[PDB]
Structure formats: C-alpha cells, structure tokens
>>> print(open('structure.tsv').read())   # TSV, C-alpha atoms
chain	number	residue	atom	x	y	z
F	1	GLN	CA	0.00	0.00	0.00
F	2	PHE	CA	0.84	3.70	-0.06
F	3	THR	CA	2.48	5.79	2.63
F	4	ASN	CA	2.93	9.58	2.68
F	5	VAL	CA	6.62	9.00	3.34
F	6	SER	CA	8.96	10.23	0.56
F	7	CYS	CA	12.39	8.71	0.06
F	8	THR	CA	15.96	8.85	-1.17
F	9	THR	CA	17.10	5.25	-0.62
F	10	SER	CA	14.82	2.18	-0.42
F	11	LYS	CA	16.20	1.54	3.09
F	12	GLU	CA	13.51	3.91	4.27
F	13	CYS	CA	10.28	2.33	2.98
F	14	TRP	CA	11.38	-0.87	4.63
F	15	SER	CA	11.43	0.13	8.28
F	16	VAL	CA	8.41	2.39	7.80
F	17	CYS	CA	6.35	-0.38	6.22
F	18	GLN	CA	7.18	-3.14	8.70
F	19	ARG	CA	6.51	-0.85	11.67
F	20	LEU	CA	3.21	0.57	10.37
F	21	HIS	CA	1.77	-2.65	8.92
F	22	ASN	CA	2.70	-6.33	9.08
F	23	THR	CA	5.14	-6.08	6.19
F	24	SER	CA	8.85	-5.75	5.54
F	25	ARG	CA	9.22	-5.55	1.80
F	26	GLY	CA	9.17	-2.03	0.47
F	27	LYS	CA	10.39	-0.04	-2.50
F	28	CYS	CA	10.09	3.61	-3.49
F	29	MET	CA	8.75	5.45	-6.51
F	30	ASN	CA	9.69	9.06	-7.35
F	31	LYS	CA	6.39	10.09	-5.78
F	32	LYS	CA	6.86	8.33	-2.44
F	33	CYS	CA	8.14	5.25	-0.69
F	34	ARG	CA	5.66	2.38	-1.14
F	35	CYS	CA	5.09	-0.87	0.71
F	36	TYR	CA	4.40	-4.36	-0.52
F	37	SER	CA	3.19	-7.48	1.22
>>> encode(input="structure.tsv", output="structure tokens")
Amino acid sequence: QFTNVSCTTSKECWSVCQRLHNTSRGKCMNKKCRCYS
C-alpha cells in the first residue's frame, strides 16, 4: 500500500512499512516510498 513518506534510498520504505503494517518488503517510486506485502 501507499504511505505519505517520501524517500531517497529504499532503506527507508522498509522500516516504515514493517513498523506501520505487518510487512517488511518495500520499495520507493519518485512520488513516495511504497510498501508491498
């Protein structure tokens, strides 16, 4: 799903995603960091 968190390095979506939802896998798009199941 989407998160209002922007990014610079994929390292960021990861921790955000796993903390917020039961995930771990994440990757960012120029618009924002994004999470995946």
>>> atom_distance(input="structure.tsv", atom1="atom CA of residue 5 of chain F", atom2="atom CA of residue 35 of chain F")
10.3 Å
>>> residues_near_point(input="structure.tsv", point="(5.9, 7.5, -8.3)", cutoff="12 Å", atoms="only C-alpha atoms", output="MDAnalysis selection string")
chainID F and resid 2:7 27:34
>>> atom_distance(input="structure.tsv", atom1="atom CA of residue 23 of chain F", atom2="atom CA of residue 11 of chain F")
13.8 Å
>>> atom_distance(input="structure.tsv", atom1="atom CA of residue 8 of chain F", atom2="atom CA of residue 20 of chain F")
19.1 Å
>>> residues_around(input="structure.tsv", residues="residue 18 of chain F", least_positions_apart="6", cutoff="10 Å", atoms="all atoms listed in the file", output="list in words")
residues 24, 25, 26, 35, 36 and 37 of chain F
>>> build_atoms(input="structure.tsv", residues="segment 22-34 of chain F", atoms="N, CA and C atoms", output="PDB file, in the coordinates of the input")
ATOM      1  N   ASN F  22       1.963  -5.040   8.949  1.00  0.00           N
ATOM      2  CA  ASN F  22       2.700  -6.330   9.080  1.00  0.00           C
ATOM      3  C   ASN F  22       3.358  -6.628   7.736  1.00  0.00           C
ATOM      4  N   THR F  23       4.398  -5.894   7.464  1.00  0.00           N
ATOM      5  CA  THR F  23       5.140  -6.080   6.190  1.00  0.00           C
ATOM      6  C   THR F  23       6.620  -5.991   6.498  1.00  0.00           C
ATOM      7  N   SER F  24       7.363  -5.859   5.440  1.00  0.00           N
ATOM      8  CA  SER F  24       8.850  -5.750   5.540  1.00  0.00           C
ATOM      9  C   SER F  24       9.356  -5.243   4.199  1.00  0.00           C
ATOM     10  N   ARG F  25       8.851  -5.898   3.195  1.00  0.00           N
ATOM     11  CA  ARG F  25       9.220  -5.550   1.800  1.00  0.00           C
ATOM     12  C   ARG F  25       8.664  -4.198   1.399  1.00  0.00           C
ATOM     13  N   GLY F  26       9.561  -3.392   0.907  1.00  0.00           N
ATOM     14  CA  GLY F  26       9.170  -2.030   0.470  1.00  0.00           C
ATOM     15  C   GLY F  26      10.105  -1.573  -0.642  1.00  0.00           C
ATOM     16  N   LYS F  27       9.623  -0.616  -1.370  1.00  0.00           N
ATOM     17  CA  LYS F  27      10.390  -0.040  -2.500  1.00  0.00           C
ATOM     18  C   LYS F  27       9.786   1.318  -2.802  1.00  0.00           C
ATOM     19  N   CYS F  28      10.616   2.247  -3.177  1.00  0.00           N
ATOM     20  CA  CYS F  28      10.090   3.610  -3.490  1.00  0.00           C
ATOM     21  C   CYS F  28       9.979   3.958  -4.968  1.00  0.00           C
ATOM     22  N   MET F  29       9.083   4.886  -5.178  1.00  0.00           N
ATOM     23  CA  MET F  29       8.750   5.450  -6.510  1.00  0.00           C
ATOM     24  C   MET F  29       9.005   6.948  -6.319  1.00  0.00           C
ATOM     25  N   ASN F  30       9.389   7.599  -7.386  1.00  0.00           N
ATOM     26  CA  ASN F  30       9.690   9.060  -7.350  1.00  0.00           C
ATOM     27  C   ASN F  30       8.654   9.850  -6.545  1.00  0.00           C
ATOM     28  N   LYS F  31       7.441   9.376  -6.544  1.00  0.00           N
ATOM     29  CA  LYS F  31       6.390  10.090  -5.780  1.00  0.00           C
ATOM     30  C   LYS F  31       6.580   9.857  -4.281  1.00  0.00           C
ATOM     31  N   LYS F  32       6.687   8.613  -3.893  1.00  0.00           N
ATOM     32  CA  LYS F  32       6.860   8.330  -2.440  1.00  0.00           C
ATOM     33  C   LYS F  32       7.401   6.929  -2.232  1.00  0.00           C
ATOM     34  N   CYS F  33       7.617   6.586  -1.002  1.00  0.00           N
ATOM     35  CA  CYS F  33       8.140   5.250  -0.690  1.00  0.00           C
ATOM     36  C   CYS F  33       6.832   4.444  -0.749  1.00  0.00           C
ATOM     37  N   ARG F  34       6.911   3.189  -1.074  1.00  0.00           N
ATOM     38  CA  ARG F  34       5.660   2.380  -1.140  1.00  0.00           C
ATOM     39  C   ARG F  34       5.945   1.025  -0.517  1.00  0.00           C
TER      40      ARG F  34
END
